[PDB]
Amino acid sequence: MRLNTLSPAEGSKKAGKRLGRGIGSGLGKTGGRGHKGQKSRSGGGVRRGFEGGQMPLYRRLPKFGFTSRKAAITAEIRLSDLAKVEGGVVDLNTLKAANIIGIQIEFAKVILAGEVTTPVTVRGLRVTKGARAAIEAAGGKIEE
Amino acid sequence: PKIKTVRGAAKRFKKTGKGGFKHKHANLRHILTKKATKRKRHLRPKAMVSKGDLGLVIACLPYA
Amino acid sequence: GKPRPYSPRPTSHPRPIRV
Amino acid sequence: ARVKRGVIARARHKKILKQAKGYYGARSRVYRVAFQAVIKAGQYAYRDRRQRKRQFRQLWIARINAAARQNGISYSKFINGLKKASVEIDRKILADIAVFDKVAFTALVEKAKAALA
Amino acid sequence: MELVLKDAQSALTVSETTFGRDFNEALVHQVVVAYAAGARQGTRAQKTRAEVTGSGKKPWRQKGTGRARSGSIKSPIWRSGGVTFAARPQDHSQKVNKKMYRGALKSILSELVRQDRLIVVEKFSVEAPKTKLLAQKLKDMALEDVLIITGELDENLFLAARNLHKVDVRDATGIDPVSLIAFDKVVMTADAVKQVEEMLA
RNA sequence: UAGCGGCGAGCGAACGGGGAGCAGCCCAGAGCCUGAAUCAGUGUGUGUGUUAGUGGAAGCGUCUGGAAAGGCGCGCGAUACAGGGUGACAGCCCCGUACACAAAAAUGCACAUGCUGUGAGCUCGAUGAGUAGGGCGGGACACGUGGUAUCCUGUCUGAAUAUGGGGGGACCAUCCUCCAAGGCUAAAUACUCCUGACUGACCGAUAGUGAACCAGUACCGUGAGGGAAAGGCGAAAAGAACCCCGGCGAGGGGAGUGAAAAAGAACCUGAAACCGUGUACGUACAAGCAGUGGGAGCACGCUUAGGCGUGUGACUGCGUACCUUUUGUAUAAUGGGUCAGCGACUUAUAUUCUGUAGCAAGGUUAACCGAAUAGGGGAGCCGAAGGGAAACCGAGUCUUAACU
Ligand SMILES: *[C@H]1O[C@H](CO)[C@H](O)[C@H](O)[C@H]1NC(C)=O
Ligand SMILES: [Mg+2]
Ligand SMILES: [Mg+2]
Ligand SMILES: [Mg+2]
Ligand SMILES: [Mg+2]
Ligand SMILES: [Mg+2]
Ligand SMILES: [Mg+2]
Ligand SMILES: [Mg+2]
Ligand SMILES: [Mg+2]
Ligand SMILES: [Mg+2]
Ligand SMILES: [Mg+2]
Ligand SMILES: [Mg+2]
Ligand SMILES: [Mg+2]
Ligand SMILES: [Mg+2]
Ligand SMILES: [Mg+2]
Ligand SMILES: [Mg+2]
Ligand SMILES: [Mg+2]
Ligand SMILES: [Mg+2]
Ligand SMILES: [Mg+2]
Ligand SMILES: [Mg+2]
Ligand SMILES: [Mg+2]
Ligand SMILES: [Mg+2]
Ligand SMILES: [Mg+2]
Ligand SMILES: [Mg+2]
Ligand SMILES: [Mg+2]
Ligand SMILES: [Mg+2]
Ligand SMILES: [Mg+2]
Ligand SMILES: [Mg+2]
Ligand SMILES: [Mg+2]
Ligand SMILES: [Mg+2]
Ligand SMILES: [Mg+2]
Ligand SMILES: [Mg+2]
Ligand SMILES: [Mg+2]
Ligand SMILES: [Mg+2]
Ligand SMILES: [Mg+2]
Ligand SMILES: [Mg+2]
Ligand SMILES: [Mg+2]
Ligand SMILES: [Mg+2]
Ligand SMILES: [Mg+2]
Ligand SMILES: [Mg+2]
Ligand SMILES: [Mg+2]
Ligand SMILES: [Mg+2]
């Protein structure tokens with residue numbers, strides 16, 4: 001192990017395409033752009049979604065729905081998270097100390113995802129039927 | 001700089017679980033009287049972007 | 001190398017009009 | 001990191017100019033003309049390695065046709081004769097014998113004549 | 001795992017996780033390269049056709065002259081023209097994951113033990129800030145090219161080493177991967193090995 | 001992202017979070033006490049920069065060579081082996097460098113201390129009107145008049161004034177929060193005509209500045225304005241006394257200098273196109289991309305005196321350049337007089353996929369701090385759950401009164 005005996009792993013350093021450097025290389029002359037038309041030109045190419053003038057897919061389909069401001073401040077908590085909090089009292093603000101939900105979240109919900117294996121006390125969260133079973137099954141106590 | 005979303009596409013397509021996109025059917029906005037109830041009923045539910053169109057949609061929605 | 005070209009100078013004959 | 005092309009370009013051009021020695025005029029002096037000429041020499045060389053085999057067989061056959069007709073038989077009969085008599089000496093050797101050992105060639109023509117008899 | 005001290009003639013226990021693991025050449029390479037790239041200043045520029053000094057006057061009319069059409073005297077095709085893709089100052093620094101950096105240190109130290117290059121002592125200092133003293137100490141300890149990692153950097157040993165080009169003297173906080181590989185032998189003080197252990201975990 | 005948007009192309013926040021920095025005050029006024037805080041200006045000492053500088057270690061012999069710093073040998077200094085120079089490559093020959101010192105004079109900065117103005121503190125007040133708001137027209141807000149809050153105002157108007165007023169995105173009620181129509185305010189921030197020092201996986205004379213050179217010059221233009229080319233003798237000029245041909249020339253030959261003059265100033269190296277002298281072979285009855293395959297003869301050099309190598313190439317088979325563009329080009333389609341140098345897929349940031357590496361239900365930090373390529377910093381971001389327009393539900397969910 002000297003500075004002139006370190007090699008990279010095989011396949012870690014693929015050499016970049018160099019266009020317009022002769023016949024041998026297989027990217028000489030046109031450099032893979034083919035012959036003429038818009039796509040062969042410096043700065044050439046049509047914009048994203050462009051279909052040649054046909055009404056593009058993202059404009060012949062109707063807009064639908066609206067964005068909820070409520071959804072943005074609503075988080076989901078996995079059973080695997082309940083353990084990661086300090087105190088065994090899964091409040092809204094103990095989840096925030098734990099870095100489990102964001103600082104702006106106002107409404108959390110515990111769902112049947114992962115296995116809770118400790119007595120945990122869920123206070124002031126919504127909890128799924130599946131989750132309620134699993135927390136109660138480990139001695140946990142869900143209160144409003 | 002960040003790629004910019006094609007905002008019109010973001011209003012037409014939602015990303016689903018396996019990574020496809022759902023979208024609303026065309027032809028259910030107006031001129032409804034002359035259309036068969038059967039036709040209209042089959043246009044109500046959302047639909048999945050076809051294989052052909054995915055490339056275009058993906059380009060438009062880099063942050064989907 | 002090449003010298004800078006001259007501005008238009010007088011022409012001895014008109015270009016033939018194919019039209 | 002700027003790379004001057006001088007030394008490498010010099011060597012590429014010399015490589016080509018050296019292969020163009022003996023060519024007429026610009027063809028041995030002028031890179032642009034020497035290059036075209038060295039390529040075309042290459043193309044002819046490839047083509048002619050094949051043609052050389054065609055030209056030599058054609059020569060050999062002509063000489064065997066002479067030597068055989070001297071011995072009172074055509075090339076076509078003689079070669080047919082040599083196959084019926086199961087002789088496998090190839091045209092390069094027949095031709096070489098036809099020039100250098102005319103006794104031996106007569107022997108071969110007799111063996112041919114026998115097979116057809 | 002036990003590192004024997006050559007000065008006092010004893011042993012010193014160290015983590016197998018820091019001095020025992022196999023040599024991940026690929027990972028060390030990525031980190032050595034990233035270190036070299038982090039040393040680059042990246043200070044240069046050429047002039048584009050935009051930046052070269054001259055007017056935007058079309059040198060001659062588009063048609064009729066019998067010459068190649070021209071638009072700017074700054075065209076990169078022209079002598080004295082812009083550089084087609086003129087360099088700007090670049091940041092060549094790479095991100096190295098904390099864990100990949102620490103990984104590479106562990107791989108290098110583990111190799112410095114296997115090739116008998118990590119010479120661990122208990123106490124390494126000199127009396128006065130004199131280069132003659134350290135040169136004498138190094139010929140006795142029988143090494144020329146060496147990296148000396150001490151606990152707290154002694155002003156005297158710092159000054160003594162300063163004018164010996166083969167010799168470098170650092171505190172444990174100051175071990176870089178390139179220096180650990182670059183030097184023939186690495187002399188770590190027992191105190192330093194404790195810090196390098198604590199530092200890498 | 002939310003939004004805005006011929007809902008096109010595009011435009012694009014805020015709240016909130018992490019950091020750098022952090023500083024508060026005054027007038028709209030009268031009395032009391034006083035002139036006491038704090039800012040400046042002004043001298044006077046004090047340190048400490050700046051504007052000249054001082055000292056600053058240690059090498060000899062021999063070999064090659066024109067010359068030694070190079071080879072070999074044996075020494076010595078190093079808080080100095082940064083860098084530069086010196087007849088080739090010098091830690092010890094020189095200038096420096098580390099380090100330690102220095103200011104009559106002027107001046108920046110900091111405190112300290114007189115002097116001049118400056119006016120603190122407490123009490124009782126007061127609390128910015130053609131203004132807020134409105135109508136009409138514009139503009140600014142990410143926000144294009146939109147359901148459009150907010151800001152600004154050209155035009156026309158016009159309150160309340162703390163029991164009051166502004167805002168919380170049409171609007172109303174409630175609640176919350178702030179107090180416009182007077183003003184000042186350091187730091188974190190932006191920039192470099194310019195000074196010093198230092199650095200470069202920046203250039204090295206068609207590059208790098210237009211400009212390495214007496215260049216914004218010569219030159220061009222009425223003028224604004226445009227705008228070149230052009231670097232290198234040698235270590236040292238020792239830059240060639242003298243002689244000779246020549247027009248008391250140019251140019252040259254000797255001589256001499258020098259390591260070298262085929263380093264002689266038109267000067268390092270000295271390529272190619274291009275132009276000659278000489279030698280070998282071929283060539284004046286022979287038709288075309290000029291080669292190629294065959295091949296005699298001649299000349300030359302070798303190691304069997306012999307083949308082999310080299311040059312030439314009579315004669316003979318085959319054979320219509322290259323590039324581009326095209327269905328297709330010997331094409332009488334395009335482009336190139338030739339050479340030399342330069343001349344075209346980059347860079348930045350996003351995003352996706354592949355390979356590779358680390359770690360793995362986790363992974364990873366950004367700014368920033370830190371002398372730190374370390375270490376800190378987890379603010380965030382991506383992932384581990386989806387369905388639904390949404391509320392919401394959740395390994396399900398949506399659809400539907402309900403699903404086989
Ligand atoms: C020369 O040609 C020019 C065009 O280029 C004018 O037509 C001009 O009049 C011509 N003059 C003659 C003499 O024909
Ligand atoms: Mg190809
Ligand atoms: Mg083309
Ligand atoms: Mg085409
Ligand atoms: Mg194409
Ligand atoms: Mg362009
Ligand atoms: Mg149309
Ligand atoms: Mg967080
Ligand atoms: Mg409808
Ligand atoms: Mg030219
Ligand atoms: Mg270079
Ligand atoms: Mg030649
Ligand atoms: Mg330039
Ligand atoms: Mg870090
Ligand atoms: Mg000295
Ligand atoms: Mg010597
Ligand atoms: Mg020399
Ligand atoms: Mg007020
Ligand atoms: Mg208002
Ligand atoms: Mg108003
Ligand atoms: Mg209004
Ligand atoms: Mg309001
Ligand atoms: Mg409150
Ligand atoms: Mg220049
Ligand atoms: Mg040069
Ligand atoms: Mg003039
Ligand atoms: Mg003379
Ligand atoms: Mg020289
Ligand atoms: Mg010369
Ligand atoms: Mg020449
Ligand atoms: Mg004739
Ligand atoms: Mg003849
Ligand atoms: Mg002819
Ligand atoms: Mg022919
Ligand atoms: Mg055609
Ligand atoms: Mg043809
Ligand atoms: Mg034709
Ligand atoms: Mg042609
Ligand atoms: Mg022709
Ligand atoms: Mg054309
Ligand atoms: Mg032409
Ligand atoms: Mg979800």
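Note that these values count all heavy atoms, side chains included, but never hydrogens, waters or copies made by symmetry. Each chain gets a letter, A, B and so on, in the order its sequence line appears, and its residues count up from 1.
Put simply, E:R170 has no side-chain N or O that comes within less than 4.0 Å of OP1 or OP2 on F:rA372. Using a 4.0 Å cut-off, some side-chain N or O of E:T131 falls inside it from OP1 or OP2 of F:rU79. For the pair D:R5 and F:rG341, the criterion of a side-chain N or O lying under 4.0 Å from OP1 or OP2 is not met. At the phosphate of F:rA357, neither OP1 nor OP2 sits under 4.0 Å from any side-chain N or O atom of E:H29. Remark: E:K98 is not in phosphate contact with F:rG363, judged by side-chain N or O atoms under 4.0 Å from OP1 or OP2. Listed pair E:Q90 / F:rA348 meets the phosphate criterion, a side-chain N or O lying under 4.0 Å from OP1 or OP2. Residue A:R78 places none of its side-chain N or O atoms closer than 4.0 Å to OP1 or OP2 of F:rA384. Under 4.0 angstrom from either OP1 or OP2 of F:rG291 there lies at least one side-chain N or O belonging to D:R27. In this structure, A:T67 reaches the F:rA2 phosphate: one of its side-chain N or O atoms is under 4.0 Å from OP1 or OP2. Put simply, E:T53 has no side-chain N or O that comes within less than 4.0 Å of OP1 or OP2 on F:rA211. OP1 or OP2 of F:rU209 lies within a sub-4.0 Å distance of a side-chain N or O belonging to E:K47. Close to F:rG375, at under 4.0 Å from its OP1 or OP2, lies a side-chain N or O of E:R102. Side-chain N/O atoms of B:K4 include one lying less than 4.0 angstrom from OP1 or OP2 on F:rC11. At the phosphate of F:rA80, OP1 or OP2 sits under 4.0 Å from a side-chain N or O atom of E:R162.
Judged by closest nucleotide on RNA chain F, E:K132 is the one of E:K132 and A:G130 placed further toward the 5' end. Residue-to-nucleotide proximity on RNA chain F shows that, of B:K22 and E:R88, the 5′-proximal contact is made by E:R88.
The pair A:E51-A:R60 counts as a salt bridge, with a side-chain nitrogen and a carboxylate oxygen less than 4.0 angstrom apart.
Under the Watson-Crick or G-U wobble criterion, with both distances below 3.5 Å, F:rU312 is paired with F:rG297. Pairing of F:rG125, defined by two Watson-Crick or G-U wobble distances under 3.5 Å, is not identified with any nucleotide.
Of the listed nucleotides (F:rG210, F:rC318, F:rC359), F:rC359 has the atom at the smallest distance from the side chain of E:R21.
Below the 3.5 angstrom threshold, one finds a donor paired with an acceptor across the side chain of E:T173 and the base of F:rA372. Between the side chain of E:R44 and the base of F:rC203 there is no donor-acceptor pair of N/O atoms closer than 3.5 Å. For D:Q36 against F:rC289, no side-chain N or O and base N or O form a donor-acceptor pair under 3.5 Å. A donor N or O paired with an acceptor N or O is found under 3.5 Å between the base of F:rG394 and the side-chain atoms of A:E76. With hydrogens and angles ignored, no donor-acceptor pair under 3.5 angstrom links the side chain of D:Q55 to the base of F:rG294. Within 3.5 Å, a donor on the side chain of D:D48 pairs with an acceptor on the base of F:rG317, or the reverse.
Nucleotide F:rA173 carries an anti base; the chi torsion (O4'-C1'-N9-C4 or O4'-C1'-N1-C2) is more than 90° from 0.
Residues A:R126 and A:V110 fail the side-chain proximity criterion, which asks for heavy atoms closer than 4.5 Å.
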Would you check, one step at a time, whether the test side chain to side chain donor-acceptor pair (under 3.5 Å) holds for E:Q41 with E:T43?
CA-CA 5 Å; E:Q41 184 169 295; E:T43 51; 2.8 Å; yes
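A stacking contact links strand neighbours F:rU157 and F:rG158, their base ring centres being under 5.5 angstrom apart and the planes under 30 degrees. Judged by ring centres closer than 5.5 Å and planes tilted by less than 30°, the bases of F:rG335 and F:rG336 are stacked on each other. Stacking status of F:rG70 with F:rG71: stacked, per the base-ring test of centres under 5.5 Å and planes under 30°.
Lacking a ring centre under 5.5 Å from that of the base six-membered ring together with a plane angle below 30°, B:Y63 does not count as stacked on F:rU1.
The aromatic rings of D:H13 and D:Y31 sit parallel to each other, their planes meeting at less than 30°, with 60° as the upper class boundary.
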Would you list the protein and nucleotides 5-9 of chain F atom pairs, both N or O, that sit under 3.5 Å from each other?
{"residue": "F:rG5", "atom": "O6", "partner": "B:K11", "partner atom": "NZ", "Å": "2.9"}
{"residue": "F:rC7", "atom": "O2'", "partner": "A:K63", "partner atom": "NZ", "Å": "2.9"}
{"residue": "F:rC7", "atom": "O2", "partner": "A:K63", "partner atom": "NZ", "Å": "3.2"}
{"residue": "F:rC7", "atom": "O2", "partner": "B:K11", "partner atom": "NZ", "Å": "2.2"}
{"residue": "F:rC7", "atom": "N3", "partner": "B:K11", "partner atom": "NZ", "Å": "3.4"}
{"residue": "F:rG8", "atom": "OP1", "partner": "B:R12", "partner atom": "NH2", "Å": "2.8"}
{"residue": "F:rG8", "atom": "OP2", "partner": "B:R12", "partner atom": "NH1", "Å": "2.7"}
{"residue": "F:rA9", "atom": "OP1", "partner": "A:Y58", "partner atom": "OH", "Å": "2.3"}

